[PDB]
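Here's the structure, in structure tokens; my notes come after.
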Amino acid sequence: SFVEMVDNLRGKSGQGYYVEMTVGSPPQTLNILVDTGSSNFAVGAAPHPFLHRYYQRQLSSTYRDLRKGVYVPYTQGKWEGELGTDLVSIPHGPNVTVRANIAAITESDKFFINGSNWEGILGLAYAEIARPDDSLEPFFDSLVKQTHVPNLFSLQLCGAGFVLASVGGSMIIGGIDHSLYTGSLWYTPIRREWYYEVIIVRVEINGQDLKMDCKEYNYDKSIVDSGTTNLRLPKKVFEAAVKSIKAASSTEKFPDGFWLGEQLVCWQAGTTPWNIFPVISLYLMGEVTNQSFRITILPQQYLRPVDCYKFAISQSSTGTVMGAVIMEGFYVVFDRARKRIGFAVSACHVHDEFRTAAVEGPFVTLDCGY
Ligand SMILES: CCc1cc([C@]2(c3cccc(-c4cncnc4)c3)N=C(N)N(C)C2=O)cc(CC)n1
């Protein structure tokens with residue numbers, strides 16, 4: 001059923017996962033980054049040094065102007081555009097076509113990426129964080145309202161596994177594909193419908209509790225974001241994490257340029273000492289008040305291939321971000337209809353013959369949110 005949706009994702013390590021889409025009439029083929037960390041469908045629609053193709057409104061008989069501009073600035077650069085609607089389809093997705101909002105980006109700074117091979121972004125989060133405001137209905141809402149596609153989608157991000165390494169995965173829209181995971185799916189509630197916000201109740205390095213007030217883990221928030229490469233942690237949690245990881249791997253020594261995630265380290269062909277780095281367990285709030293469950297990730301996940309790797313755990317000023325390197329261990333279900341997110345061991349996750357990524361619960365925790 002979702003057989004046609006299997007392996008419908010591709011990308012370059014560190015530069016996000018994208019799915020093929022068409023926009024307009026006749027269909028204009030574009031690769032669009034799948035992003036759970038935003039809520040705009042925004043596509044390059046003017047020439048750019050990093051873009052080799054873009055959305056051309058005038059070539060589309062079905063385009064309709066909303067006569068309204070949008071301007072989204074931030075720290076690095078920004079993105080500017082003009083709002084409109086057009087017919088939209090996902091060739092290796094459900095067999096439907098939808099009229100959706102489209103932000104045609106006419107100018108931008110440090111937004112696109114050189115060689116990433118995508119030309120736009122599909123924000124899969126909620127209207128509350130849409131630009132310019134929450135009246136601009138996001139793609140998935142339009143898709144559900146207009147078709148009979150169930151209000152749910154799931155992601156299997158598979159990473160590389162053994163020129164930036166290529167990655168693959170699957171976005172199953174409208175259902176759960178049981179051949180994509182093994183064992184049980186565990187659900188944590190979506191605390192609030194803007195980002196895909198969740199609550200982390202504790203974290204351990206090699207079974208060792210960091211022993212923090214759990215408000216620190218979600219300060220000022222925790223989100224599941226496919227549009228973020230790294231596991232990103234609040235400063236206080238980050239320092240304690242690195243310190244613990246440093247200890248466990250202190251049989252070998254690396255420069256703190258590595259620990260700061262901007263310096264690579266290299267072994268040569270199959271000699272990488274995985275067993276020297278500890279596993280990391282995040283406990284997420286369960287559907288029952290005082291329950292939780294844990295997802296455990298291996299060094300194969302938080303050391304990103306560049307045999308050279310970069311430390312894919314970094315510091316945050318905007319709360320915890322569970323990005324690709326965390327999702328790559330699991331099958332992640334965004335159950336919008338029941339306000340929840342399920343985690344299960346992925347049928348594609350990378351691991352060795354002594355350890356393996358895991359989803360295990362329940363654990364009883366006898367206030368953690370901002
Ligand atoms: C409107 C859509 C949008 C998306 C984003 C981004 C984004 C934008 C462009 C590229 C990436 C990216 C993803 N993987 C790897 N390398 C880069 C992410 N997506 C998320 N989740 N994050 C955290 C973002 O910085 C930022 C903004 C500005 C408010 N706006």
Side-chain angles (χ1 to χ4, degrees), residues 5 8-21 23 30-45 50-51 54-55 70 72 74-75 77-79 81 88 90 92-93 98 100-105 108 110-113 116-132 134 136-144 152-159 167-173 190 193-198 221-232 312 316 318-328 332-334 336 341:
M5 270 163 274
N8 69 357
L9 296 186
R10 279 286 186 282
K12 289 283 176 276
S13 168
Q15 297 173 335
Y17 291 82
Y18 59 78
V19 57
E20 184 181 303
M21 306 185 70
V23 174
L30 303 166
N31 291 335
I32 304 296
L33 173 89
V34 176
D35 186 17
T36 66
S38 73
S39 308
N40 278 80
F41 184 40
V43 311
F50 296 156
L51 299 180
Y54 58 89
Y55 177 47
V70 65
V72 189
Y74 48 98
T75 302
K78 47 70 165 40
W79 69 268
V88 180
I90 308 177
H92 302 280
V98 161
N101 288 309
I102 305 195
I105 310 168
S108 59
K110 290 178 58 190
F111 178 76
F112 301 103
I113 301 175
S116 75
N117 203 43
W118 50 265
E119 291 87 36
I121 289 178
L122 179 72
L124 291 169
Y126 301 91
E128 194 185 291
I129 56 177
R131 301 305 211 84
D134 70 356
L136 194 69
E137 189 185 71
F139 179 78
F140 210 85
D141 292 282
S142 298
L143 170 70
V144 173
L152 172 155
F153 75 86
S154 52
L155 302 168
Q156 180 193 58
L157 309 177
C158 294
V167 297
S170 312
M171 175 171 70
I172 310 309
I173 297 174
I190 298 171
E193 286 156 299
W194 52 324
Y195 293 97
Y196 287 101
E197 174 183 4
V198 297
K221 77 179 178 291
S222 294
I223 67 171
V224 187
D225 182 13
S226 65
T228 291
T229 293
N230 286 354
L231 167 56
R232 306 192 63 229
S316 186
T318 56
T320 292
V321 183
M322 298 162 58
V325 297
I326 288 282
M327 301 176 67
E328 281 172 6
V332 189
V333 169
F334 293 72
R336 292 157 59 103
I341 303 181

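Computed over heavy atoms, backbone and side chain alike; hydrogens, waters and symmetry mates excluded. Note that the numbering runs from 1 along the sequence shown for the chain.
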When rounded to the nearest 0.5 Å, the distance separating CZ of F50 from CG of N117 is 14.0 Å
Report yes if the side chains of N230 and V321 come closer than 4.5 Å at any heavy-atom pair, otherwise no. no
Which heavy atom in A45 sits nearest to a heavy atom in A104, and how many Å separate them? CB-CB, 3.4 Å
Is there a side-chain contact (heavy atoms from CB on, under 4.5 Å) between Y18 and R10? Walk through the geometry before answering. CA-CA 5 Å; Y18 59 78; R10 279 286 186 282; 3.9 Å; yes
Between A125 and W194, the two heavy atoms sitting closest are CB-O, 3.4 Å
Please examine the side chains of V198 and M322, heavy atoms only from C-beta on, and report whether any two atoms are closer than 4.5 Å. yes
Pair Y126-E197, side-chain hydrogen bond (donor to acceptor under 3.5 Å, both in side chains): steps then yes or no: CA-CA 11 Å; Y126 301 91; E197 174 183 4; over 6 Å; no
Taking every heavy atom of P138 against every heavy atom of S39, the minimum-distance pair comes out as CB-O, 3.5 Å
Would a 4.5 Å heavy-atom cut-off, applied to side chains only, mark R336 and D141 as touching? yes
When the ring planes of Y196 and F334 are compared, do they come out parallel, tilted or perpendicular, using 30° and 60° as the limits? perpendicular
Between the side chain of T229 and the main-chain N/O of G14, is any donor-acceptor distance below 3.5 Å? yes
Any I105 side-chain heavy atom under 4.5 Å of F112 side chain: yes
Looking at every heavy atom in both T36 and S226, which two are closest together, and how far apart are they? OG1-N, 2.9 Å
Results of ring-ring contact (aromatic ring centres under 6.0 Å, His included) for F140 - residues two or more places apart only: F153
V167 versus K12, closest heavy-atom pair with distance: CG2-N, 4.2 Å
Going from CE on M21 to CG on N8, what distance comes out if it is rounded to the nearest 0.5 angstrom? 11.0 Å
Could you grab the distance from atom CG of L157 to atom CD1 of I326, nearest 0.5 Å is fine? 12.0 Å
If only atom types and distance count, is the side chain of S170 paired as donor or acceptor with the main-chain N or O of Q156 below 3.5 Å? no
Got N31 and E20 here, is their nearest side-chain heavy-atom distance under 4.5 Å? yes
If the test is side-chain contact (heavy atoms from CB on, under 4.5 Å), which one of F41, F139, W118 qualifies with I32? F41
For residues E137 and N101, determine if any side-chain heavy atom of one lies less than 4.5 Å from a side-chain heavy atom of the other. yes
Measure the shortest side-chain to side-chain distance between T318 and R232 over non-hydrogen atoms and say whether it is less than 4.5 angstrom. yes
Tightest non-hydrogen contact, residues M5 and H92, listed as CG-O, 3.0 Å
dist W79:CH2 -> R131:CZ (nearest 0.5 Å) comes out at 7.5 Å
Roughly how far, to the nearest 0.5 Å, is CG of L33 from CG of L124? 9.0 Å
Calculate, to the nearest 0.5 Å, the distance between atoms CD1 and CG belonging to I113 and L51 respectively. 11.5 Å
With a 4.5 Å limit on heavy-atom distance, are the side chains of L136 and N40 in contact? yes
Hey, are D225 and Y195 close enough side-chain-wise for a donor-acceptor pair under 3.5 Å? no
